[PDB]
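Q: Okay, so here is query.txt, and as you'll see once you scroll down, it has compact mmCIF, C-alpha atoms.
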# COMPACT_ATOMS: atom_id res chain seq x y z
CA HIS H 1 -18.47 -1.03 23.48
CA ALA H 2 -15.16 -2.89 23.76
CA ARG H 3 -15.23 -3.92 20.09
CA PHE H 4 -15.72 -0.27 19.10
CA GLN H 5 -12.92 0.83 21.44
CA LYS H 6 -10.61 -1.70 19.81
CA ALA H 7 -11.44 -0.65 16.23
CA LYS H 8 -11.00 2.96 17.33
CA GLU H 9 -7.48 2.22 18.52
CA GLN H 10 -6.47 0.37 15.36
CA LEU H 11 -7.84 3.24 13.33
CA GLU H 12 -5.78 5.87 15.15
CA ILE H 13 -2.62 3.80 14.67
CA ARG H 14 -3.37 3.27 11.01
CA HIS H 15 -3.93 6.98 10.50
CA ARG H 16 -0.72 7.83 12.31
CA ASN H 17 1.45 5.41 10.31
CA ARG H 18 0.01 6.61 7.03
CA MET H 19 0.42 10.28 7.90
CA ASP H 20 4.01 9.59 8.91
CA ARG H 21 4.81 7.54 5.81
CA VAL H 22 3.39 10.02 3.29
CA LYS H 23 5.05 12.94 5.04
CA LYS H 24 8.41 11.20 5.04
CA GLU H 25 8.13 10.28 1.34
CA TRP H 26 7.10 13.74 0.15
CA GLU H 27 9.81 15.39 2.23
CA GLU H 28 12.26 13.01 0.64
CA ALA H 29 10.95 14.28 -2.70
CA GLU H 30 11.51 17.87 -1.53
CA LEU H 31 15.11 17.05 -0.65
CA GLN H 32 15.83 15.69 -4.13
CA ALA H 33 14.39 18.96 -5.43
CA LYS H 34 16.55 21.24 -3.30
CA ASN H 35 18.61 22.27 -6.33
CA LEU H 36 15.51 23.34 -8.26
CA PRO H 37 14.26 26.95 -8.60
CA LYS H 38 12.29 28.48 -5.71
CA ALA H 39 9.08 28.42 -7.74
CA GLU H 40 9.23 24.70 -8.54
CA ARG H 41 9.92 23.96 -4.91
CA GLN H 42 6.85 25.94 -3.79
CA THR H 43 4.33 24.19 -6.04
CA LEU H 44 5.71 20.84 -4.87
CA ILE H 45 5.28 21.86 -1.23
CA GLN H 46 1.81 23.10 -2.12
CA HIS H 47 1.05 19.60 -3.42
CA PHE H 48 2.36 18.11 -0.18
CA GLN H 49 0.05 20.41 1.79
CA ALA H 50 -2.96 19.39 -0.30
CA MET H 51 -1.85 15.82 0.27
CA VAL H 52 -1.94 16.31 4.04
CA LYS H 53 -5.38 17.90 3.95
CA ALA H 54 -6.82 15.01 1.94
CA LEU H 55 -5.30 12.55 4.39
CA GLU H 56 -6.92 14.30 7.34
CA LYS H 57 -10.24 14.36 5.55
CA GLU H 58 -9.83 10.64 4.89
CA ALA H 59 -8.98 9.89 8.51
CA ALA H 60 -11.93 11.83 9.92
CA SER H 61 -14.18 10.17 7.34
CA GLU H 62 -13.09 6.66 8.33
CA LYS H 63 -13.64 7.61 11.98
CA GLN H 64 -17.14 8.79 11.18
CA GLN H 65 -17.96 5.50 9.46
CA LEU H 66 -16.88 3.72 12.64
CA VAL H 67 -18.98 5.99 14.85
CA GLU H 68 -22.15 5.80 12.72
CA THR H 69 -21.81 2.01 12.60
CA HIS H 70 -21.25 2.00 16.33
CA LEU H 71 -24.15 4.29 17.25
CA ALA H 72 -26.63 2.29 15.19
CA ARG H 73 -25.57 -0.97 16.84
CA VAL H 74 -25.82 0.42 20.37
CA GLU H 75 -29.24 1.91 19.62
CA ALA H 76 -30.35 -1.49 18.34
CA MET H 77 -29.16 -3.19 21.53
CA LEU H 78 -30.79 -0.60 23.77
CA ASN H 79 -34.11 -0.79 21.92
CA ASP H 80 -34.12 -4.59 21.93
CA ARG H 81 -33.27 -5.00 25.61
CA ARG H 82 -35.94 -2.47 26.50
CA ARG H 83 -38.50 -4.37 24.41
CA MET H 84 -37.79 -7.70 26.11
CA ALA H 85 -37.73 -6.07 29.55
CA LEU H 86 -41.06 -4.43 28.74
CA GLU H 87 -42.65 -7.72 27.67
CA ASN H 88 -41.50 -9.42 30.87
CA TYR H 89 -42.97 -6.49 32.77
CA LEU H 90 -46.34 -6.74 31.01
CA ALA H 91 -46.47 -10.51 31.40
CA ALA H 92 -45.69 -10.22 35.12
CA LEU H 93 -48.27 -7.45 35.45
CA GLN H 94 -50.99 -9.63 33.88
CA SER H 95 -50.18 -12.79 35.84
CA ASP H 96 -52.87 -14.34 38.04
CA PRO H 97 -52.53 -13.42 40.73
CA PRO H 98 -49.93 -10.62 40.53
CA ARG H 99 -47.08 -11.01 43.04
CA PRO H 100 -45.79 -7.50 43.83
CA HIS H 101 -42.09 -8.45 43.92
CA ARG H 102 -41.87 -10.41 40.68
CA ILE H 103 -43.48 -7.34 39.13
CA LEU H 104 -40.95 -5.16 40.99
CA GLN H 105 -38.13 -7.19 39.41
CA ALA H 106 -39.57 -6.77 35.92
CA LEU H 107 -40.20 -3.05 36.43
CA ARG H 108 -36.61 -2.58 37.60
CA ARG H 109 -35.14 -4.13 34.46
CA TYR H 110 -37.33 -1.99 32.22
CA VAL H 111 -36.77 1.35 33.98
CA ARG H 112 -33.03 0.72 34.18
CA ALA H 113 -32.96 -0.11 30.48
CA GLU H 114 -34.65 3.21 29.82
CA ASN H 115 -32.02 4.83 32.01
CA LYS H 116 -29.34 3.08 29.97
CA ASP H 117 -30.90 4.50 26.80
CA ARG H 118 -30.97 7.86 28.57
CA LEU H 119 -27.37 7.57 29.74
CA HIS H 120 -26.05 6.64 26.31
CA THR H 121 -27.96 9.46 24.62
CA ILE H 122 -26.72 12.16 26.99
CA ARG H 123 -23.15 10.85 27.06
CA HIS H 124 -22.73 10.75 23.29
CA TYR H 125 -24.41 14.14 22.94
CA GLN H 126 -22.08 15.68 25.53
CA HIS H 127 -19.19 14.09 23.66
CA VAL H 128 -20.27 15.76 20.41
CA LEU H 129 -20.75 19.03 22.30
CA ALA H 130 -17.12 18.93 23.44
CA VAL H 131 -15.51 18.22 20.06
CA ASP H 132 -17.99 19.23 17.35
CA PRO H 133 -20.37 22.09 18.30
CA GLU H 134 -22.17 22.19 14.92
CA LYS H 135 -22.82 18.46 14.81
CA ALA H 136 -24.27 18.82 18.29
CA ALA H 137 -26.34 21.76 17.07
CA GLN H 138 -27.78 19.58 14.32
CA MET H 139 -28.69 16.67 16.59
CA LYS H 140 -29.99 18.94 19.36
CA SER H 141 -33.66 18.76 18.37
CA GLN H 142 -33.60 14.98 17.99
CA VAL H 143 -31.66 14.41 21.22
CA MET H 144 -34.25 16.29 23.26
CA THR H 145 -37.18 14.56 21.55
CA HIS H 146 -35.70 11.12 22.24
CA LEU H 147 -35.08 11.99 25.90
CA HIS H 148 -38.71 13.11 26.08
CA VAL H 149 -39.87 9.84 24.53
CA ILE H 150 -37.89 7.93 27.17
CA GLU H 151 -39.58 9.98 29.87
CA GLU H 152 -43.02 9.36 28.37
CA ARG H 153 -42.28 5.65 28.01
CA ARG H 154 -41.28 5.60 31.71
CA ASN H 155 -44.35 7.34 33.12
CA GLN H 156 -46.49 5.28 30.76
CA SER H 157 -45.22 2.01 32.25
CA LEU H 158 -45.66 3.45 35.74
CA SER H 159 -49.25 4.44 35.02
CA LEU H 160 -49.95 0.72 34.63
CA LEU H 161 -49.31 0.43 38.37
CA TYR H 162 -52.35 2.66 38.97
CA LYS H 163 -54.42 -0.16 37.48
CA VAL H 164 -53.24 -2.26 40.43
CA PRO H 165 -53.20 0.35 43.26
CA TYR H 166 -52.73 -2.13 46.11
CA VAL H 167 -49.48 -3.65 44.79
CA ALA H 168 -48.21 -0.11 44.19
CA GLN H 169 -48.24 0.72 47.91
CA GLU H 170 -46.57 -2.57 48.90
CA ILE H 171 -43.51 -1.61 46.85
CA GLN H 172 -43.93 2.18 46.92
CA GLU H 173 -40.53 2.78 48.54
CA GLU H 174 -38.63 0.45 46.20
CA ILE H 175 -40.28 2.18 43.26
CA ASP H 176 -39.28 5.56 44.71
CA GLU H 177 -35.75 4.22 45.06
CA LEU H 178 -35.75 2.99 41.47
CA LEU H 179 -37.17 6.30 40.22
CA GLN H 180 -34.35 8.16 42.00
CA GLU H 181 -31.95 6.30 39.68
CA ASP Q 1 -3.81 -1.98 -7.53
CA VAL Q 2 -4.29 1.74 -6.90
CA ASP Q 3 -1.84 1.69 -3.99
CA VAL Q 4 0.94 0.53 -6.31
CA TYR Q 5 0.51 3.71 -8.33
CA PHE Q 6 1.75 5.79 -5.38
CA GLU Q 7 4.99 3.82 -5.26
CA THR Q 8 5.73 3.75 -8.97
CA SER Q 9 8.22 6.34 -10.18
CA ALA Q 10 7.08 8.81 -12.82
CA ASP Q 11 7.95 7.98 -16.42
CA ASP Q 12 6.44 8.19 -19.91
CA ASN Q 13 3.72 5.78 -18.82
CA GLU Q 14 2.76 8.00 -15.88
CA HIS Q 15 -0.39 9.32 -17.55
CA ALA Q 16 -1.71 5.91 -18.51
CA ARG Q 17 -0.91 4.38 -15.12
CA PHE Q 18 -2.68 7.31 -13.48
CA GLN Q 19 -5.72 6.93 -15.72
CA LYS Q 20 -6.10 3.26 -14.81
CA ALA Q 21 -5.47 3.87 -11.11
CA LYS Q 22 -8.09 6.62 -11.31
CA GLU Q 23 -10.52 4.17 -12.87
CA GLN Q 24 -9.79 1.36 -10.42
CA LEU Q 25 -10.44 3.78 -7.56
CA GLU Q 26 -13.85 4.80 -8.92
CA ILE Q 27 -14.82 1.16 -9.33
CA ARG Q 28 -13.57 0.08 -5.89
CA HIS Q 29 -15.47 2.92 -4.26
CA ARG Q 30 -18.70 2.05 -6.06
CA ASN Q 31 -18.24 -1.59 -5.08
CA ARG Q 32 -17.73 -0.54 -1.47
CA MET Q 33 -20.64 1.89 -1.64
CA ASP Q 34 -22.97 -0.78 -3.00
CA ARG Q 35 -21.99 -3.39 -0.43
CA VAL Q 36 -22.53 -1.01 2.48
CA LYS Q 37 -25.84 0.28 1.08
CA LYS Q 38 -27.13 -3.29 0.88
CA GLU Q 39 -26.10 -4.11 4.47
CA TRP Q 40 -27.78 -1.07 6.03
CA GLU Q 41 -30.94 -1.64 4.01
CA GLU Q 42 -31.29 -5.10 5.51
CA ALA Q 43 -30.94 -3.44 8.91
CA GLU Q 44 -33.71 -1.05 7.88
CA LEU Q 45 -35.78 -4.08 6.97
CA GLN Q 46 -35.15 -5.87 10.26
CA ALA Q 47 -36.30 -2.71 12.04
CA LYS Q 48 -39.59 -2.30 10.15
CA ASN Q 49 -41.77 -3.15 13.16
CA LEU Q 50 -40.29 -0.26 15.17
CA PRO Q 51 -41.99 3.11 15.83
CA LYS Q 52 -41.64 5.73 13.09
CA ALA Q 53 -39.14 7.81 15.07
CA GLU Q 54 -36.76 4.90 15.73
CA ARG Q 55 -36.51 3.95 12.05
CA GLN Q 56 -35.78 7.58 11.29
CA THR Q 57 -32.68 7.61 13.48
CA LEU Q 58 -31.50 4.38 11.83
CA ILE Q 59 -32.03 5.77 8.34
CA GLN Q 60 -30.36 9.00 9.45
CA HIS Q 61 -27.26 6.99 10.45
CA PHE Q 62 -27.23 5.39 7.00
CA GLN Q 63 -27.34 8.84 5.43
CA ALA Q 64 -24.43 9.96 7.59
CA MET Q 65 -22.67 6.77 6.52
CA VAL Q 66 -23.06 7.57 2.81
CA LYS Q 67 -21.78 11.10 3.40
CA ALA Q 68 -18.69 9.68 5.12
CA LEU Q 69 -18.05 7.20 2.32
CA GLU Q 70 -18.24 9.93 -0.26
CA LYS Q 71 -15.84 12.09 1.70
CA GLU Q 72 -13.51 9.12 1.88
CA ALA Q 73 -13.70 8.59 -1.89
CA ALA Q 74 -13.10 12.20 -2.91
CA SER Q 75 -10.24 12.38 -0.41
CA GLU Q 76 -8.52 9.33 -1.83
CA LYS Q 77 -9.13 10.73 -5.31
CA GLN Q 78 -7.46 14.04 -4.49
CA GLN Q 79 -4.44 12.17 -3.15
CA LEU Q 80 -4.15 10.50 -6.52
CA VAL Q 81 -4.45 13.79 -8.38
CA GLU Q 82 -1.96 15.66 -6.16
CA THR Q 83 0.57 12.86 -6.61
CA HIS Q 84 0.00 12.85 -10.36
CA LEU Q 85 0.22 16.61 -10.78
CA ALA Q 86 3.52 16.73 -8.92
CA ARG Q 87 4.88 13.97 -11.13
CA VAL Q 88 3.77 15.58 -14.41
CA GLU Q 89 5.10 18.97 -13.31
CA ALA Q 90 8.51 17.52 -12.45
CA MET Q 91 8.80 15.83 -15.85
CA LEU Q 92 7.69 19.03 -17.60
CA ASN Q 93 10.11 21.20 -15.66
CA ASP Q 94 13.02 18.81 -16.29
CA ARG Q 95 12.32 18.68 -20.04
CA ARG Q 96 12.08 22.47 -20.22
CA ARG Q 97 15.32 22.86 -18.28
CA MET Q 98 17.22 20.49 -20.53
CA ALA Q 99 15.86 22.13 -23.67
CA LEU Q 100 16.64 25.62 -22.40
CA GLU Q 101 20.19 24.60 -21.54
CA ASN Q 102 20.76 23.16 -25.02
CA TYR Q 103 19.31 26.36 -26.49
CA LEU Q 104 21.61 28.61 -24.46
CA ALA Q 105 24.62 26.46 -25.24
CA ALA Q 106 23.85 26.51 -28.96
CA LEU Q 107 23.39 30.25 -28.81
CA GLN Q 108 26.87 30.90 -27.39
CA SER Q 109 28.73 28.42 -29.60
CA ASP Q 110 31.36 29.75 -32.01
CA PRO Q 111 30.19 30.10 -34.57
CA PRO Q 112 26.44 29.91 -33.90
CA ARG Q 113 24.74 27.56 -36.38
CA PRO Q 114 21.36 29.06 -37.27
CA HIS Q 115 19.60 25.71 -37.66
CA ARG Q 116 21.12 24.11 -34.58
CA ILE Q 117 19.74 27.05 -32.63
CA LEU Q 118 16.40 26.66 -34.36
CA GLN Q 119 16.26 22.96 -33.61
CA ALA Q 120 17.00 23.64 -29.95
CA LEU Q 121 14.51 26.52 -29.77
CA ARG Q 122 11.80 24.23 -31.16
CA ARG Q 123 12.30 21.63 -28.41
CA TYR Q 124 12.16 24.39 -25.80
CA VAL Q 125 9.11 26.27 -27.08
CA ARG Q 126 7.30 22.97 -27.64
CA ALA Q 127 8.19 21.88 -24.11
CA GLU Q 128 6.83 25.21 -22.95
CA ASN Q 129 3.68 24.52 -25.02
CA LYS Q 130 3.28 21.11 -23.38
CA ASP Q 131 3.38 22.75 -19.94
CA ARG Q 132 0.94 25.46 -20.99
CA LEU Q 133 -1.50 23.03 -22.57
CA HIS Q 134 -1.30 20.74 -19.53
CA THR Q 135 -2.08 23.64 -17.19
CA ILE Q 136 -5.17 24.73 -19.12
CA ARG Q 137 -6.37 21.16 -19.56
CA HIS Q 138 -6.19 20.23 -15.88
CA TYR Q 139 -7.95 23.49 -15.06
CA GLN Q 140 -10.72 22.66 -17.51
CA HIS Q 141 -11.03 19.24 -15.88
CA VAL Q 142 -11.54 20.83 -12.46
CA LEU Q 143 -13.94 23.35 -14.03
CA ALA Q 144 -15.98 20.50 -15.53
CA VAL Q 145 -16.49 18.62 -12.24
CA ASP Q 146 -15.87 21.14 -9.43
CA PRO Q 147 -16.50 24.78 -10.49
CA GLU Q 148 -15.86 26.12 -6.98
CA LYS Q 149 -12.47 24.37 -6.67
CA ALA Q 150 -11.58 25.66 -10.13
CA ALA Q 151 -12.43 29.20 -9.10
CA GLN Q 152 -9.97 28.94 -6.20
CA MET Q 153 -7.04 27.64 -8.27
CA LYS Q 154 -7.69 30.02 -11.16
CA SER Q 155 -5.30 32.62 -9.79
CA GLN Q 156 -2.42 30.13 -9.58
CA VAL Q 157 -3.30 28.83 -13.04
CA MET Q 158 -3.03 32.38 -14.44
CA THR Q 159 0.26 33.09 -12.63
CA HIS Q 160 1.76 29.84 -13.93
CA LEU Q 161 0.70 30.77 -17.46
CA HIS Q 162 2.32 34.15 -16.92
CA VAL Q 163 5.66 32.65 -15.90
CA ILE Q 164 5.62 30.51 -19.03
CA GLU Q 165 4.96 33.56 -21.19
CA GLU Q 166 7.77 35.46 -19.44
CA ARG Q 167 10.28 32.63 -19.86
CA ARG Q 168 9.28 32.44 -23.55
CA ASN Q 169 9.74 36.12 -24.40
CA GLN Q 170 13.00 36.32 -22.44
CA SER Q 171 14.46 33.31 -24.24
CA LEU Q 172 13.40 34.80 -27.58
CA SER Q 173 14.93 38.18 -26.80
CA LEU Q 174 18.35 36.50 -26.59
CA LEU Q 175 18.21 36.04 -30.36
CA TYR Q 176 18.88 39.77 -30.76
CA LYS Q 177 22.43 39.18 -29.49
CA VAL Q 178 23.01 37.02 -32.57
CA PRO Q 179 21.82 39.14 -35.53
CA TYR Q 180 22.97 36.80 -38.31
CA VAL Q 181 21.28 33.61 -37.08
CA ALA Q 182 18.04 35.45 -36.28
CA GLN Q 183 17.56 36.42 -39.92
CA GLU Q 184 18.03 33.02 -41.52
CA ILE Q 185 15.31 31.30 -39.51
CA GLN Q 186 12.92 34.18 -38.88
CA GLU Q 187 10.17 32.43 -40.80
CA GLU Q 188 10.67 29.16 -38.93
CA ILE Q 189 10.63 31.12 -35.67
CA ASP Q 190 7.37 32.86 -36.60
CA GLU Q 191 5.79 29.49 -37.35
CA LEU Q 192 7.02 28.00 -34.06
CA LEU Q 193 5.85 30.98 -32.01
CA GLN Q 194 2.32 30.69 -33.40
CA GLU Q 195 2.01 26.97 -32.68
CA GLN Q 196 -0.99 26.09 -30.48
CA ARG Q 197 -1.53 29.88 -30.53
Any chance you could put this one into structure tokens?
A:
Amino acid sequence: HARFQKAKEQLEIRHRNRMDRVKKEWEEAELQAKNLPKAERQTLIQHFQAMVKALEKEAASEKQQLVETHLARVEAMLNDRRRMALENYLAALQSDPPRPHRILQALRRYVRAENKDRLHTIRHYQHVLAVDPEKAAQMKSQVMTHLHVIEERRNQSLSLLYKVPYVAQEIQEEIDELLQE
Amino acid sequence: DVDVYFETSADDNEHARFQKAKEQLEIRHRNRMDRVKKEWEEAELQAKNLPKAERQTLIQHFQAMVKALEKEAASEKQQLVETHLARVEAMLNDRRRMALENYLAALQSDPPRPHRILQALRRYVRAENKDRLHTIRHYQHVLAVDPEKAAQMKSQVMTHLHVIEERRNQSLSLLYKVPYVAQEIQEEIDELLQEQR
């Protein structure tokens, strides 16, 4: 997250310096053309305007490359941590005999990882909602489906506690705490 | 390479320098596009054991990545074109202005030499033809690759062609104020005025 925040800052600076430089150069070109007819001055300014629009399209495009690269990496980290937390939960659930509090530890790490997947999904989606309504509209179906998969994955892991009903009551209140975020 | 083009003053080698900078940009973008495509595909490989929905979101990011890279390329390409067009237009306008001045000056000289006026009129009309031909040609280029962008600039293309035609006819009408000269080069004038039709 920090590495992305740092590249994001360098990108904004880079975009600012370039926008300022090009603007200053083209305006310098407009000054040298102050003695030219009104029509020649307009088409030059029109070129400057097209120049600005291409620069803004370039800037947004480079920002999108950063974001797509960032999102993919975060999703990889969230999916991998969840996998390892799930394995440790299964292994602790199959141990002989099963100690209810080593299982509680493993269940905590898994459920909280799912919450972290949940938190990142909602946060990024709300971010897109605030700045780009149509992009949010496009990802809307997939956002909901993923949140539903997280919920199913949760309940699915919890259903494994039914297969050991005794342990489930010895940590029922901690589980209820965990489930209340 | 390409960046140097933007800080190189227009001259007679502007067109060539632009053509090579245009080519270097297309190559650099393809090289960048290829490198990135390879990297993400390895990430698609490393995620092959994942559920079908999770690989979809990864592939979907790659698609969004390609779309961003293509927007970056076209954007950098348009910057090149806008810079080039301004440079060509300034050289064309300066050449027309100098030729029109020499034509006016030759027209008011005492006495007016009919072949000095002809010589000057040739440089002007041919400068006007170079502007006209450039306008049509760039338009055809945009038509060939981006029909929708061409349709939007068409109106300005037509107006620019109209101004050229107006400047032409007005400059030619000034020959009526010098009845002697106009008769001795009428046939040269008629040839000149039909050039590049």
Q: I want to know what sits within 9 Å of residue 59 in chain H, based on all atoms listed in the file, with residues of the same chain fewer than 2 positions away left out; could you give that as a PDB file with C-alpha atoms, in the frame of the given file?
A:
ATOM      1  CA  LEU H  11      -7.840   3.240  13.330  1.00  0.00           C
ATOM      2  CA  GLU H  12      -5.780   5.870  15.150  1.00  0.00           C
ATOM      3  CA  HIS H  15      -3.930   6.980  10.500  1.00  0.00           C
ATOM      4  CA  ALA H  54      -6.820  15.010   1.940  1.00  0.00           C
ATOM      5  CA  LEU H  55      -5.300  12.550   4.390  1.00  0.00           C
ATOM      6  CA  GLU H  56      -6.920  14.300   7.340  1.00  0.00           C
ATOM      7  CA  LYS H  57     -10.240  14.360   5.550  1.00  0.00           C
ATOM      8  CA  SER H  61     -14.180  10.170   7.340  1.00  0.00           C
ATOM      9  CA  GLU H  62     -13.090   6.660   8.330  1.00  0.00           C
ATOM     10  CA  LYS H  63     -13.640   7.610  11.980  1.00  0.00           C
ATOM     11  CA  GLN H  64     -17.140   8.790  11.180  1.00  0.00           C
TER      12      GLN H  64
ATOM     13  CA  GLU Q  72     -13.510   9.120   1.880  1.00  0.00           C
TER      14      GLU Q  72
END
Q: I'd like to know which of Q:54, Q:184, Q:101, Q:128 is closest to chain H, using all atoms listed in the file.
A: Q:54
Q: Of the candidates H:128, H:104, H:51, H:36, which shows the shortest atom-to-atom distance to chain Q, using all atoms listed in the file?
A: H:51
Q: How close does each residue of chain Q get to chain H, giving the shortest atom pair and distance in Å to one decimal for every residue with an atom at most 9 Å away, counting all atoms listed in the file, sorted by chain and residue number, as a Markdown table?
A:
| residue | atom | partner | partner_atom | distance |
| --- | --- | --- | --- | --- |
| Q:47 | CA | H:76 | CA | 8.8 |
| Q:53 | CA | H:146 | CA | 8.6 |
| Q:54 | CA | H:79 | CA | 8.8 |
| Q:57 | CA | H:72 | CA | 8.2 |
| Q:58 | CA | H:72 | CA | 6.3 |
| Q:61 | CA | H:68 | CA | 5.7 |
| Q:62 | CA | H:68 | CA | 7.7 |
| Q:64 | CA | H:68 | CA | 7.0 |
| Q:65 | CA | H:65 | CA | 5.7 |
| Q:66 | CA | H:65 | CA | 8.6 |
| Q:67 | CA | H:61 | CA | 8.6 |
| Q:68 | CA | H:61 | CA | 5.1 |
| Q:69 | CA | H:61 | CA | 7.0 |
| Q:70 | CA | H:61 | CA | 8.6 |
| Q:71 | CA | H:61 | CA | 6.2 |
| Q:72 | CA | H:58 | CA | 5.0 |
| Q:73 | CA | H:58 | CA | 8.1 |
| Q:74 | CA | H:54 | CA | 8.4 |
| Q:75 | CA | H:54 | CA | 4.9 |
| Q:76 | CA | H:58 | CA | 7.0 |
| Q:77 | CA | H:54 | CA | 8.7 |
| Q:78 | CA | H:54 | CA | 6.5 |
| Q:79 | CA | H:51 | CA | 5.6 |
| Q:80 | CA | H:51 | CA | 8.9 |
| Q:82 | CA | H:47 | CA | 5.7 |
| Q:83 | CA | H:47 | CA | 7.5 |
| Q:85 | CA | H:47 | CA | 8.0 |
| Q:86 | CA | H:44 | CA | 6.2 |
| Q:89 | CA | H:40 | CA | 8.5 |
| Q:90 | CA | H:40 | CA | 8.2 |
| Q:93 | CA | H:40 | CA | 8.0 |
Q: To one decimal place, how far is CA of residue 110 in chain H from CA of residue 82 in chain H in Å?
A: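 Separation between CA of residue 110 in chain H and CA of residue 82 in chain H: 5.9 Å.
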Q: Could you check how far CA of residue 158 in chain H sits from CA of residue 101 in chain H, in Å to one decimal?
A: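 According to the coordinates, CA of residue 158 in chain H and CA of residue 101 in chain H are separated by 14.9 Å.
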Q: Rounded to one decimal, what separation in Å do you get between CA of residue 43 in chain Q and CA of residue 83 in chain H?
A: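 Distance between the two atoms: 17.3 Å.
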Q: Can you find the residues with an atom no farther than 12 Å from (-43.3, -2.2, 47.1), counting all atoms listed in the file, and report them as a list in words?
A: residues 99, 100, 101, 102, 103, 104, 105, 107, 108, 161, 164, 165, 166, 167, 168, 169, 170, 171, 172, 173, 174, 175, 176, 177 and 178 of chain H
Q: Those same residues, written as a PDB file, keeping the file's coordinate frame with C-alpha atoms?
A:
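Writing done, so here's result-v5.pdb:
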ATOM      1  CA  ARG H  99     -47.080 -11.010  43.040  1.00  0.00           C
ATOM      2  CA  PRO H 100     -45.790  -7.500  43.830  1.00  0.00           C
ATOM      3  CA  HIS H 101     -42.090  -8.450  43.920  1.00  0.00           C
ATOM      4  CA  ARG H 102     -41.870 -10.410  40.680  1.00  0.00           C
ATOM      5  CA  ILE H 103     -43.480  -7.340  39.130  1.00  0.00           C
ATOM      6  CA  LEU H 104     -40.950  -5.160  40.990  1.00  0.00           C
ATOM      7  CA  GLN H 105     -38.130  -7.190  39.410  1.00  0.00           C
ATOM      8  CA  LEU H 107     -40.200  -3.050  36.430  1.00  0.00           C
ATOM      9  CA  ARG H 108     -36.610  -2.580  37.600  1.00  0.00           C
ATOM     10  CA  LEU H 161     -49.310   0.430  38.370  1.00  0.00           C
ATOM     11  CA  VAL H 164     -53.240  -2.260  40.430  1.00  0.00           C
ATOM     12  CA  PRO H 165     -53.200   0.350  43.260  1.00  0.00           C
ATOM     13  CA  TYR H 166     -52.730  -2.130  46.110  1.00  0.00           C
ATOM     14  CA  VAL H 167     -49.480  -3.650  44.790  1.00  0.00           C
ATOM     15  CA  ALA H 168     -48.210  -0.110  44.190  1.00  0.00           C
ATOM     16  CA  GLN H 169     -48.240   0.720  47.910  1.00  0.00           C
ATOM     17  CA  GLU H 170     -46.570  -2.570  48.900  1.00  0.00           C
ATOM     18  CA  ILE H 171     -43.510  -1.610  46.850  1.00  0.00           C
ATOM     19  CA  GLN H 172     -43.930   2.180  46.920  1.00  0.00           C
ATOM     20  CA  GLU H 173     -40.530   2.780  48.540  1.00  0.00           C
ATOM     21  CA  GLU H 174     -38.630   0.450  46.200  1.00  0.00           C
ATOM     22  CA  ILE H 175     -40.280   2.180  43.260  1.00  0.00           C
ATOM     23  CA  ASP H 176     -39.280   5.560  44.710  1.00  0.00           C
ATOM     24  CA  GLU H 177     -35.750   4.220  45.060  1.00  0.00           C
ATOM     25  CA  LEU H 178     -35.750   2.990  41.470  1.00  0.00           C
TER      26      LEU H 178
END
Q: So which one's closest to residue 163 in chain H, H:98, H:4, H:134, H:117? Using only C-alpha atoms, please.
A: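 When distances to residue 163 in chain H are compared using only C-alpha atoms, the smallest one comes from H:98.
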Q: List as a PDB file with C-alpha atoms, keeping the file's coordinate frame the protein and nucleic acid residues near range 1-7 of chain Q, meaning an atom at most 9 Å away when only C-alpha atoms are counted, but skip any in the same chain fewer than 6 places from it.
A:
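Generated file (around.pdb):
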ATOM      1  CA  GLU Q  14       2.760   8.000 -15.880  1.00  0.00           C
ATOM      2  CA  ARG Q  17      -0.910   4.380 -15.120  1.00  0.00           C
ATOM      3  CA  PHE Q  18      -2.680   7.310 -13.480  1.00  0.00           C
ATOM      4  CA  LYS Q  20      -6.100   3.260 -14.810  1.00  0.00           C
ATOM      5  CA  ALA Q  21      -5.470   3.870 -11.110  1.00  0.00           C
ATOM      6  CA  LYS Q  22      -8.090   6.620 -11.310  1.00  0.00           C
ATOM      7  CA  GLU Q  23     -10.520   4.170 -12.870  1.00  0.00           C
ATOM      8  CA  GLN Q  24      -9.790   1.360 -10.420  1.00  0.00           C
ATOM      9  CA  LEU Q  25     -10.440   3.780  -7.560  1.00  0.00           C
ATOM     10  CA  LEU Q  80      -4.150  10.500  -6.520  1.00  0.00           C
ATOM     11  CA  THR Q  83       0.570  12.860  -6.610  1.00  0.00           C
ATOM     12  CA  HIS Q  84       0.000  12.850 -10.360  1.00  0.00           C
TER      13      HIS Q  84
END
Q: Would you kindly return, as a ChimeraX atom specification, each protein, DNA or RNA residue with an atom no farther than 12 Å from any atom of range 134-142 of chain Q, considering only C-alpha atoms and excluding same-chain residues fewer than 2 positions away?
A: /Q:15,78,81-82,84-85,88-89,91-92,127-132,144-164
